[PDB]
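Undergrad: Coordinates only, no sequence provided:
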Ligand SMILES: Cc1cc2nc3c(=O)[nH]c(=O)nc-3n(C[C@H](O)[C@H](O)[C@H](O)COP(=O)(O)OP(=O)(O)OC[C@H]3O[C@@H](n4cnc5c(N)ncnc54)[C@H](O)[C@@H]3O)c2cc1C
Ligand SMILES: NC[C@@H](O)c1ccc(O)cc1
């Protein structure tokens with residue numbers, strides 16, 4: 001009687017929540033598999049996360065799932081102490097990972113500068129704009145002005161040298177997973193608030209701990225608790241507010257739609273979504289990048305930073321294989337400028353820093369070109385912190401759930417999908433009671 005569109009983390013956790021309350025539900029999933037933009041698959045001789053990878057106990061919703069399904073001790077840290085290379089004035093500089101981290105730390109300190117006034121409760125991201133904001137008017141003005149500023153311009157205005165600008169350029173090409181110069185700096189500021197305003201805490205939370213048994217141990221865990229079957233290979237095309245696809249029509253008390261913004265053009269809504277919501281769909285988010293896995297010869301502890309418009313902006317060693325090869329991960333700002341499955345393209349990526357390392361394999365999934373995704377992880381363009389993700393939360397019987405609409409670790413983390421799927425389910429339960 002409640003229809004859930006999509007079998008990613010948001011949809012799966014909503015279903016389990018409905019089940020506990022005794023409410024009948026049904027999940028419709030377009031693809032042949034569950035998990036969505038989290039996807040654990042064997043490639044290049046080992047389980048690889050083609051989507052989501054990193055977790056942390058400071059992420060309440062992800063961590064409780066880790067505990068529920070037996071993964072408490074099944075996490076391992078990405079390797080550290082890599083030889084670092086970064087591109088700055090068209091040239092390559094070699095240093096240690098702590099040289100890079102200390103430069104990033106100082107720049108992040110300046111990047112976070114208003115978060116304590118904006119986010120005393122970092123899970124109340126729009127407090128500054130609410131009727132109960134008790135602070136000074138200048139705080140609200142700087143808040144709105146920061147939504148129209150990108151994170152790199154904050155560091156330029158503070159007078160860092162060109163080297164640090166190129167480092168934060170590289171950093172945010174990965175962070176925004178797209179063009180950082182069109183992004184809203186408020187996204188970076190909330191990440192700080194959620195990480196006690198320290199760069200190393202932010203990095204431990206988002207880029208350190210990997211699941212030994214992969215994201216699939218969590219999403220197969222949730223699906224395994226479900227008492228109703230998931231309808232795979234059942235894309236939705238219309239929703240009225242209940243509608244349907246390929247002729248089959250569904251009736252239901254309510255609809256929980258977890259389809260990402262980048263793929264909402266495949267569904268017709270009747271009545272049409274409000275103008276401000278539709279303008280986000282047309283403008284979507286800031287997530288046009290791509291994630292690659294590259295295998296090279298030998299065992300090498302490697303870290304590489306390169307600014308826009310490089311094919312990949314952050315590349316790091318992750319696994320040391322038993323046949324004397326290394327698997328590195330990389331993040332790049334523009335999916336249309338790299339073939340993730342072309343060994344030549346992967347060799348061109350490594351050649352950004354070194355001429356002596358040899359690519360032997362490469363793989364990835366281009367989430368942006370994926371018809372049922374149309375983006376990577378959700379990130380914010382200028383203006384979308386205050387007029388973006390919050391427009392989706394109208395539709396008395398239609399609900400938007402998903403990591404891209406979360407209050408906390410929005411878009412970039414499974415924690416946001418687990419948060420928003422569960423609370424949307426509670427919205428449905430409360431209204432029915
Ligand atoms: C490259 C990349 C790396 C990431 N790394 C991390 C990481 O290290 N750590 C972390 O915490 N998070 C990470 N994430 C983010 C995390 O994967 C997501 O935030 C989360 O999985 C999103 O969950 P969701 O349920 O909201 O969306 P989705 O997983 O996108 O779920 C939506 C579902 O709806 C389906 N669907 C789409 N259209 C239709 C339709 N018309 N009809 C029916 N079904 C449809 C889709 O196939 C999908 O199954 C990463 C994301 C990406 C892209
Ligand atoms: N999905 C990884 C995401 O956590 C991320 C990736 C790169 C960064 O520089 C910051 C955050």
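TA: Received the coordinates, thanks. Residues are numbered from 1 along each chain as shown. Ligands and ions are numbered 1, 2, ... in the order given.

Undergrad: contacting residues for the residue in the stretch 1-150 of the chain that ligand 2 sits nearest to?
TA: As assessed by C-beta to the nearest ligand atom, ligand 2 sits closest to residue 54 within the stretch 1-150 of the chain, at 5.9 Å. No exception for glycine: its C-beta is placed from N, CA and C like everyone else's. By C-beta atoms under 8 Å, 6 or more residues apart in numbering, the contact set of residue 54 is 78, 206, 207, 208, 209, 210.

Undergrad: ok, the residues you listed vs ligand 2, which is closest?
TA: Nearest to ligand 2 among the contacts of residue 54: residue 206, at 3.3 Å, using C-beta to the nearest ligand atom.

Undergrad: For the residue nearest to that closest one when sequence neighbours are not counted, give me phi and psi.
TA: Distance criterion C-beta to C-beta, 6 or more residues apart in numbering; nearest residue to residue 206, sequence neighbours excluded, is residue 54 at 5.8 Å. Residue 54 adopts backbone torsions of phi -110, psi 150, taken as degrees, to the nearest 10.

Undergrad: What separation do you get for residue 54 and residue 205?
TA: Computed as C-beta to C-beta, to the nearest Å, the residue 54 to residue 205 distance reads 8 Å.

Undergrad: do residue 264 as well
TA: On the measure of C-beta to C-beta, residue 264 and residue 205 end up 29 Å apart.

Undergrad: Any part of the helix ranked longest in the chain near ligand 1?
TA: Secondary structure assigned by DSSP state H gives helix 414-432 as the longest helix of the chain. Yes - Helix 414-432 lies within reach of ligand 1 by C-beta under 6 Å from any ligand atom, at 414, 416, 417.

Undergrad: Residue 264 and residue 205 - which one has more neighbours?
TA: The neighbour count for residue 264 versus residue 205, taken as other C-beta atoms under 10 Å, is higher for residue 205 (23 against 18).

Undergrad: Quick check: residues of this structure near ligand 2?
TA: Residues of the chain lying close to ligand 2 (C-beta under 6 Å from any ligand atom) are 54, 171, 174, 175, 206, 207, 314, 331, 412.

Undergrad: So which of the residues you listed reach ligand 1?
TA: residue 54.

Undergrad: out of the residues of the chain next to ligand 2, which are buried?
TA: 54, 171, 174, 175, 206, 207, 314, 331, 412 (16 or more other C-beta atoms under 10 Å).

Undergrad: Okay, and which of those residues map to helices?
TA: Short answer: those in helices (DSSP H) are 171, 174, 175, 206, 207.

Undergrad: Make a markdown table from those and add distance to residue 136 to it.
TA: Compiled in a markdown table, these are given as follows (distance: C-beta to C-beta, whole Å):
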| residue | distance to residue 136 |
| --- | --- |
| 171 | 31 |
| 174 | 35 |
| 175 | 30 |
| 206 | 32 |
| 207 | 35 |
